[PDB]
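Engineer: Dropping in the first section of the assembly, placed as in the complex:
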Amino acid sequence: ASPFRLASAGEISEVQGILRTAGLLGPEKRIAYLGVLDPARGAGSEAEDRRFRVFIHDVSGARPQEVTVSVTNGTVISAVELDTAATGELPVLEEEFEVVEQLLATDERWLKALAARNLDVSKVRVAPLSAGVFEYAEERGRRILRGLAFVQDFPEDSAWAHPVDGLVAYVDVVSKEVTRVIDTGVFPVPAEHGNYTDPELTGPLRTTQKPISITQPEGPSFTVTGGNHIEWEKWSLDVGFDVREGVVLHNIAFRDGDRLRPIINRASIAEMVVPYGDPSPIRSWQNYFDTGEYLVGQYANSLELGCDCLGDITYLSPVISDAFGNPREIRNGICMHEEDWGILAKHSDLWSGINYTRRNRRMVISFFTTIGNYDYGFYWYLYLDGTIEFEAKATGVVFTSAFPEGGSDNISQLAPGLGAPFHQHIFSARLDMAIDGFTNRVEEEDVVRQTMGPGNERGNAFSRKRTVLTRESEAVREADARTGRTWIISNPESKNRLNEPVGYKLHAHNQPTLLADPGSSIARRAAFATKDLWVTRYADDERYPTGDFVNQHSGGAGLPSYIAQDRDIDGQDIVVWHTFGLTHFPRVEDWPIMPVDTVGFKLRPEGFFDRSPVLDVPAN
């Protein structure tokens, strides 16, 4: 019944049938993206229409298409041929991951470069790397991947320990042409292995860790209905899954007494980019839009009980499409559980004699994805006290290079001759806000320091100021940790019992934003990443901060073009876009496999409730 239910295998099979019958899914076609469309605004009509958006690639060089289908009715709603030189190429296909290596293996220039290094072509892995937009005019309108080489000494070897530096190749994956092979010189291939399961490297495993048992004797406190609707400790929400964005949260609401109060209409990580800071021509083009170019949802891991998720776990297994329109289940792809979270509130009173302690807990919704060397955990947390938090966990294997004799200002040394270029991992959270409804506004809140003088004779006063953002043109904001800057999303038409507008406060981690020169290609293609906060007016087609087709797109698309409309955002249906990231100077401890590092943000109620919302929590 719920329009927000996960896509079923039957729906995807129906999409396949509708596409094939319409002549849109011949043997030369590949589905590069398929996803359910959210209901339009004001869908108070039970007329449910389940619609799917499809990006269709053509392996013979014909123009790709964007297609919208209605599975409830069984029709193609629209089908548009795409001019990719104008609007961007389609996302990378899983089946193209091997094509770069196979095409280079018969190119005489590539073979000549390997022969000079005495490398057996059968042992050389080539990473399929998105190309970006740079100086090469022949790439405009062609589907290009770039390749960097790594040696595997044997089938189970970690190739990342053996980068082949000084060598890069560009390939046209549709015409099957190697356009350029660039060899800037021979670097020794680092020889130490990085096999973190080899006993010679781990030493004997510890025998000192005793088990920790986490169980729920009476089952979990949350309920799941309709496949993906969660109710937990006054929270209510729907857990969606999209092959591009991954886990998406819908209809986050809090049951306050008898009223179900909305907070967030849709929450997602709508883009993530990994720009590299090594100026070598072998790597200076590297900027991976893991979400927009590769689609993080399609590489979600199956999570193992007791290993990936510990405790009383409820799993969801989302269904996606393969390249031919067949449904594929990601078994155990989403973990959900509740966790104890320490002390919630505590006071021992010297006058009343009352001692009071309550414990906190949080609901966890998580998935893990793998994109080449990177592995990322995406965690959404809901706390008893109304707090909402997102946390990204970055691990995997660092992307490597040679370490140059004489050192580098842009590369860390990890092992003899082995380097790791500096880079960032930058995320964009898209928060379609609905604080007590859709009439919302954003205020910037700064601490205000006051001068000693009249009315402040002892020089102790301090205050704060709030600035309403009224138009999109003034809603591009930067962090200021020194002034304690935060942003409040409030509803000016909904007031608490003190007659103040209800609100939620966004707390950022205030990490550095995009470091690249503002004139660089990546600054233009990832403009969202240059500022910490953007606010737009809601529109159905403004989904991603980088636009719909990120791969090889020249720039400007997305948030800079949206905000040029300069729409009213003062008490309107608005969307907050928060940029946050990790700046990674790799350390020796990151090798040969990296311990998790984290970044995130949180939102806390700010006069949303009439008093603490956790007075009815029992004494444990």
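Structural biologist: The structure has been received and is ready for your questions. Numbers count the residues shown, from 1 in each chain, chains lettered A, B, ... in the order given.
Engineer: Could you chop chain A up by domain?
Structural biologist: A:1-87, A:94-195, A:196-619 (curated CATH domains).
Engineer: Serialize the ones you listed to a markdown table and add fields for mean neighbour count.
Structural biologist: Placement of C-beta: from N, CA and C, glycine included. Below are the domains of chain A laid out as a markdown table (neighbours: other Cβ atoms under 10 Å):
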| stretch | mean neighbour count |
| --- | --- |
| domain A:1-87 | 16 |
| domain A:94-195 | 17 |
| domain A:196-619 | 18 |
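Engineer: Report the contact partners of the residue nearest the centre of chain A.
Structural biologist: What sits nearest the mean C-alpha location of chain A, by Cα atoms, centre = their mean, is residue A:269, with 4.2 Å. Contacts for residue A:269 (Cβ atoms under 8 Å, 6 or more residues apart in numbering) come out as A:245-246, A:291, A:296, A:378, A:390, A:392, A:427-430.
Engineer: hang on, residue A:59 packs against residue A:28?
Structural biologist: Yes. The pair residue A:59 and residue A:28 passes the contact test of Cβ atoms under 8 Å, sitting 5.2 Å apart.
Engineer: Am I right that residue A:430 is in contact with residue A:266?
Structural biologist: Yes. With contact defined as Cβ under 8 Å, residue A:430 counts as touching residue A:266 (7.5 Å).
Engineer: one step back: from the contacts of residue A:269, pick the one nearest residue A:341.
Structural biologist: Using Cβ to Cβ, residue A:390 is the member of the contacts of residue A:269 that sits closest to residue A:341, with 15.6 Å.
Engineer: gap between that closest one and residue A:259?
Structural biologist: 26 Å (Cβ to Cβ, to the nearest Å).
Engineer: what about the residue lying closest to residue A:377 once chain neighbours are set aside, which SS state?
Structural biologist: Of all residues not flanking residue A:377 in the chain, residue A:393 sits nearest, at 3.7 Å (Cβ to Cβ, 6 or more residues apart in numbering). What DSSP: H, G, I helix; E, B strand; the rest coil gives for residue A:393 is strand.
Engineer: where does the nearest residue to residue A:605 once chain neighbours are set aside land in three-state SS?
Structural biologist: Distances taken as Cβ to Cβ, 6+ apart place residue A:386 nearest to residue A:605, at 4.2 Å, with adjacent residues excluded. The local conformation at residue A:386, judged by three-state DSSP, is coil.
Engineer: so residue A:386 touches residue A:609, yeah?
Structural biologist: Yes. Proximity of residue A:386 to residue A:609 meets the contact threshold set by Cβ under 8 Å, at 6.9 Å.
Engineer: ok so, going back, partners of the residue nearest to the centre of chain A in the sheet?
Structural biologist: residue A:429 (DSSP bridges).
Engineer: what separates it from residue A:525, distance-wise?
Structural biologist: Residue A:269 is 18 Å from residue A:525, by Cβ to Cβ.
Engineer: throw chain B onto that model:
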Amino acid sequence: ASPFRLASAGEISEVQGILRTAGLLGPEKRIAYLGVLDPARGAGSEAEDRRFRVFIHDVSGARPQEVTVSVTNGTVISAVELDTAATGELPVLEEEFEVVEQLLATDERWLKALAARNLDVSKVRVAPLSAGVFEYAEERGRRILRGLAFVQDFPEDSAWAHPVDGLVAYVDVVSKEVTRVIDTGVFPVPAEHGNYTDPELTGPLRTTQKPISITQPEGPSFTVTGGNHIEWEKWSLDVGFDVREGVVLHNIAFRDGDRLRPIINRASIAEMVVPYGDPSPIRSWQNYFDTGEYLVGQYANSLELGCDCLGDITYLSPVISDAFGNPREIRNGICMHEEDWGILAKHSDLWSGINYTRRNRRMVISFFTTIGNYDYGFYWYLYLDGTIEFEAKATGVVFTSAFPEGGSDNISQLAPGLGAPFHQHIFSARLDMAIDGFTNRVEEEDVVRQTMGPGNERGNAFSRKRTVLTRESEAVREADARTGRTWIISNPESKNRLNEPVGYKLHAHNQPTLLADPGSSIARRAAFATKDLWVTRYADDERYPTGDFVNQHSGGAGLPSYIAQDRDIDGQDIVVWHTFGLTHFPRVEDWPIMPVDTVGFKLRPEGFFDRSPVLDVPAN
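Structural biologist: Chain B added:
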């Protein structure tokens, strides 16, 4: 055998006997502080000498004394009479908490002020509040407390809901004189109660929370020997307890292969101050040094299994002195346990086919203290991967006032007529560093942005720079979140296998520091709080950032006077002092009892190890 063992009841009884026999503990004397002294540097001699430092108050107006005693030998080592007008008053005594209320209850000016408000004196609680140093010349050299009044409607009522604004009194607690009563006008006493255990306010308690069971079937993975020596997952340390500082960590070291490698010699929270930002003369003097003036260790709570600490808990019960030199045990005052901490490292490799997941855990050492309205949890964490983290958890009841008709720039409204003045909670961590030994240096690390141009043609490069702090005069540093600023503590004489100095990186939360005007009394008395990082050369007598006697001390003492020595800190025995704090604009959700908010810092290895230190963690 260990010199770092906790004080025993027998040692404190011996101190009492030594003091009394020497004529230093007559009926008019009170012990305001008693604590064990750490061993001096270079104590490679088994000649263990357990020494105690004592502050002795005199209730008859005679000069207080500072006394050092050796319990191993049974002598007074030194005894010095203190001129408190010069060097500061002694910490507040627990037995003075009631004296302010009792003295005011017979003062005609106080009674007149209560009568005008129709308040029964028997229902008026008076908080015993430290005085600071302001304009009142008669207070110099006198032991003063100030009092603010709150009404209790009945013995179990929360008085904090009923502040009596417009009224403050100053009392000399030795001469038992009320020096001043200031009445600036009648404010209505807020009438709503704040009784968070009253069913009429909580409503019916939730029945939806199912139990979470955390157990360790084979016991915990850590061992405790000699009372307070911990070994856990290659970590080694001693857990101390001091009545002023609370939990103190000694000799933090990590077992790397066959070598026990020191990291931190002594870690403590050496001061914490709560400055208030309300310019009303009723409250503009309020700055509570919860550590230096009140001593947070003496108010540590007894922690209850299943409520305060959940899981397989090992307790320590530290022993302190009462005011007469009798030993008193704080039963279950320190909790220690290990906790699962999610994913440690994870990678699924597209080329080797190997799937790898390991889980993290942390060791937790914690205590909770209560100072009037405030309750604070102090948490030290040790992680498998070498990370050390501190977290403060702030809860309790907010300090209240009236909310003025017409509003306030410096006070939040919590309930009809009830306000909460803006304030900060600022901590000072004192880290006596010992990275691979005592020859350490501090470097400031900033991200470096690079301009597009020659050698950076695509405008993508970024770098970092490190600045060594060579002398104390240049080692007073501020945060810069925008440049990703961190500080590295390294050992220039100890190198990793890449021939780089081993180090640890301090990551701050970059919260605002002291907001008061730099000319204010509190800026002078809490100078440490105006800057994020200080580095000093180690010295035995430089223990606290505010000096030994904080109460009513005029200012300048502590860190500003230490660094004036301008000592060499480049490869020397050094101490890092990190300031970090919460800026609290109270929200409605903080009332009537506040959900926990947190602040902290962490240190992570930076080329300390030759590769990841957690390759030998087993697969769970």
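Engineer: how close does the residue nearest to the centre of chain A get to chain B?
Structural biologist: Residue A:269 is 18 Å from chain B, where distance means Cβ to the nearest Cβ, to the nearest Å.
Engineer: And for residue A:38?
Structural biologist: Taken as Cβ to the nearest Cβ, the span from residue A:38 to chain B is 30 Å.
Engineer: in terms of contact, does that residue touch residue A:268 like I think?
Structural biologist: No. If you go by Cβ under 8 Å, residue A:38 and residue A:268 don't touch, sitting 10.5 Å apart.
Engineer: How about the contacts made by the nearest residue to residue A:34 once chain neighbours are set aside?
Structural biologist: What sits nearest to residue A:34 in space, not counting adjacent residues and going by Cβ to Cβ, 6 or more residues apart in numbering or on different chains, is residue A:321, at 4.0 Å. Neighbour list for residue A:321: A:12, A:15-16, A:31, A:34, A:243, A:327-328 [criterion: Cβ atoms under 8 Å, 6 or more residues apart in numbering or on different chains].
Engineer: and the residue of the stretch 351-500 of chain A nearest chain B?
Structural biologist: In the stretch 351-500 of chain A, the residue that lies nearest chain B is residue A:459 (3.2 Å; Cβ to the nearest Cβ).
Engineer: Surely that residue is in contact with residue B:523?
Structural biologist: Yes. Under the criterion of Cβ under 8 Å, residue A:459 is in contact with residue B:523, at a separation of 7.4 Å.
Engineer: Find the residues that touch each one of the two.
Structural biologist: Taking Cβ under 8 Å, 6+ apart as the criterion, residue A:459 and residue B:523 both touch B:516-517.
Engineer: still on that earlier bit, could you export the contacts of residue A:321 to TSV, including columns for secondary structure?
Structural biologist: TSV is the format used below for the contacts of residue A:321 (three-state DSSP):
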residue	secondary structure
A:12	helix
A:15	helix
A:16	helix
A:31	strand
A:34	strand
A:243	coil
A:327	strand
A:328	strand
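Engineer: show me where chain A has helices.
Structural biologist: Secondary structure of chain A (DSSP state H): helices located at A:9-21, A:84-87, A:99-104, A:108-116, A:199-202, A:521-525, A:559-563.
Engineer: I'd say residue A:226 and residue A:5 touch.
Structural biologist: Yes. Between residue A:226 and residue A:5 there is a contact at 6.0 Å, judged by Cβ under 8 Å.
Engineer: sorry, back to before: want to try CSV for the helices of chain A, with distance to chain B as columns?
Structural biologist: Shown next, in CSV, are the helices of chain A (distance: least, Cβ to the nearest Cβ, whole Å):
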stretch, distance to chain B
helix A:9-21, 24
helix A:84-87, 21
helix A:99-104, 10
helix A:108-116, 17
helix A:199-202, 4
helix A:521-525, 6
helix A:559-563, 18
